[PDB]
Amino acid sequence: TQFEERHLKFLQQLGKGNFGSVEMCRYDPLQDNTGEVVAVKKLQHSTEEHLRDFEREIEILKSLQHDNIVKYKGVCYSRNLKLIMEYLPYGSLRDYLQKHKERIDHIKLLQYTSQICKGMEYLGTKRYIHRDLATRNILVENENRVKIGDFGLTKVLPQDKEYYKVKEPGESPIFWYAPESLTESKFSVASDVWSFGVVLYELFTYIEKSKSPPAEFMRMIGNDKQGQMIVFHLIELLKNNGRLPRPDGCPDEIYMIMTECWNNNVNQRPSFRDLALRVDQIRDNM
Ligand SMILES: CC[C@@](C)(Nc1ccnc(-c2c[nH]c3ncccc23)n1)C(=O)NCC(F)(F)F
């Protein structure tokens, strides 16, 4: 069924990014304010290149049906398309964890970790590369469920290759990037696994500001480094085994999972199927 533009009542801005904006809207055809609250994504500056990428993101989201992937609801046509998605009122895992801090125990962080792995494994079966796995891009449905949000940077692997090469990169979350992504702009399941190790780190630091991957990496390379020199030094640091520290109070076993994800050798990084099995075993033991 279709969504009429005239019936989408603006409520609040949710955020802005990669040439798009996300708003919380009430889909109210009855005009009595009893309509469903939905998340609406639209392009801000809609060029023919941006429309093309937006359409691809719509096709990607529509093709995904998993408990740990934000639900596609529809499209609203007025091109200047609007992507309609389910609204998750608890917001991002980043904001949720920052607010609720250590009142969320290790058992609970591992329940979220497992769900992220499962969502990522399912994504990999479709030959999709997320490229922006971070706690800011994970949504909380409720206390017991998290989902991967924002597919704006997702690439589909070529039929004959196991990596996607970005020729002209835009805004990049470099402190979540695998070394081959920094040096050769190569993205794969293995680079998504590297970013997952960074997600696990974020979780176990409970989003403490001084402990964030940009703060830790900047201290390691020197806060005097600027622009492209940050990328140059981060590459050399990663090459010489500089890694994010073990978060305070993080179990040894969870830090080992992070370090395995952060392997310079792309083939030696674990698989998401293995990670979900491993994390479920840790959970069971606890
Ligand atoms: C896309 C919206 C945006 C900019 N920021 C947020 C921030 C807080 N809360 C919501 C939100 C709540 N409920 C929703 N339901 C669906 C989509 C988004 C939301 N979004 C983003 O890219 N960051 C997270 C991602 F997980 F969505 F990817």
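Here's the deal with the UniProt feature "binding site: ATP" in the protein chain
Moving on, step 1. According to UniProt, the feature "binding site: ATP" maps to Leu-14, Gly-15, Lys-16, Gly-17, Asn-18, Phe-19, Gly-20, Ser-21, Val-22 and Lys-41 in the numbering used here. The largest pairwise C-alpha distance within this set of annotated residues, which runs over 28 residues, is 14.3 Å, so the set is compact in three dimensions. Lining residues of the largest pocket drawn from the annotated set just named are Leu-14, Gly-15, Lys-16, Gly-17, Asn-18, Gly-20, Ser-21, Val-22 and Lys-41.
Moving on, step 2. Here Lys-16 shows up in strand β1 (residues 8-16).

Considering unusual backbone geometry
Apart from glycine, the bulk of residues carry a negative phi angle, and the bulk of peptide bonds sit in the trans form.
Moving on, step 1. Even without being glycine, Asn-33 reaches a positive phi, approximately 60 degrees.
Moving on, step 2. Backbone geometry at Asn-241 places phi at a positive 65 degrees, although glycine is not the residue there.
Moving on, step 3. Topologically, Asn-241 is positioned in the loop between α7 (228-239) and α8 (252-261).
Moving on, step 4. Relative accessible area serves as the criterion here: at 56%, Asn-241 is assigned to the exposed category.

Things to note about the domain arrangement of the protein chain
Moving on, step 1. Here the protein chain is partitioned into domain 1 (1-87) and domain 2 (88-284).
Moving on, step 2. Just the C-alpha atoms count here: the centres of domain 1 and domain 2 sit 26 Å apart.
Moving on, step 3. Opposite the 17 residues of domain 1 that make contact, domain 2 presents 23 residues.
Moving on, step 4. The three residues of domain 1 that bury the most area against domain 2 are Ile-60, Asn-68 and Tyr-87, which together make up 33% of that side's buried surface.
Moving on, step 5. On the surface where domain 1 and domain 2 come into contact, there are three salt bridges.
Moving on, step 6. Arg-145 serves as the salt-bridge partner of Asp-67, at 3.7 Å between the closest nitrogen and oxygen.
Moving on, step 7. Where domain 1 touches domain 2, the interface holds seven residue pairs in polar contact.
Moving on, step 8. No other element matches the five residues that helix α1 (residues 48-63) contributes to the side of domain 1 that touches domain 2.
Moving on, step 9. Classifying every residue of the side of domain 1 that touches domain 2 gives six nonpolar, five polar and six charged.

What to know about the layout of surface pockets
Moving on, step 1. Roughly 990 Å³ of volume is contained in the largest pocket.
Moving on, step 2. In this structure, the largest pocket is lined by 34 residues; those nearest its centre are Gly-15, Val-22, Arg-136, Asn-137 and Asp-150.
Moving on, step 3. Those elements that place two or more of their residues in the lining of the largest pocket are β1, β2 (20-27), β3 (36-43), β5 (82-86), α2 (93-100) and β7 (138-142).
Moving on, step 4. Within the lining of the largest pocket, the residues separate by chemical class into twelve nonpolar, twelve polar and ten charged.

Quick look at the pairing of β2
Moving on, step 1. Where burial is concerned, most of β2 is hidden: six out of the eight residues are buried.
Moving on, step 2. Of the strand pairs in this sheet, β1 and β2 are connected by seven bridges, and their pairing is antiparallel. In the strand pairing of β2, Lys-16 is matched with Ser-21.
Moving on, step 3. With antiparallel pairing between neighbouring strands as the criterion, β1 and β2 make up a hairpin whose turn holds three residues, including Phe-19 at a positive phi of roughly 65 degrees.
Moving on, step 4. The pairing of β2 with β3 spans eight bridges and is antiparallel. Residue pairing for β3: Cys-25 is matched across the bridge by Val-38.

What counts as what
Residues numbered from 1 in each chain as written, not as in the entry; some residues may be left out. Heavy atoms only, no water. Residues with missing side-chain atoms left out of burial classes, pairs and counts. UniProt positions renumbered as here; feature names shortened; annotations may be inferred. 1 Å grid on protein atoms, 1.4 Å probe; cavity = no way out; pocket = protein on both sides within 12 Å on 5 of 7 lines; lining within 4 Å. Helix = DSSP H or I, 4+ residues; strand = E, 2+ residues; numbered from the N terminus. Buried < 20%, exposed > 50% of the residue type's maximum accessible area, 1.4 Å probe, protein only. Domains from an automatic or database assignment. Contact = heavy atoms within 4.5 Å. Buried area = accessible area lost by both parts, 1.4 Å probe. Salt bridge = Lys/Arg side-chain N within 4 Å of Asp/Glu carboxyl O. Polar contact = N/O pair within 3.5 Å; in protein donor to acceptor, adjacent residues only side chain to side chain. Nonpolar A, V, L, I, M, F, W, Y, C, P; charged D, E, K, R; others polar. Points joined across faces, edges and corners; volume = space filled by probe spheres on them. Pairing = 2+ DSSP bridges.

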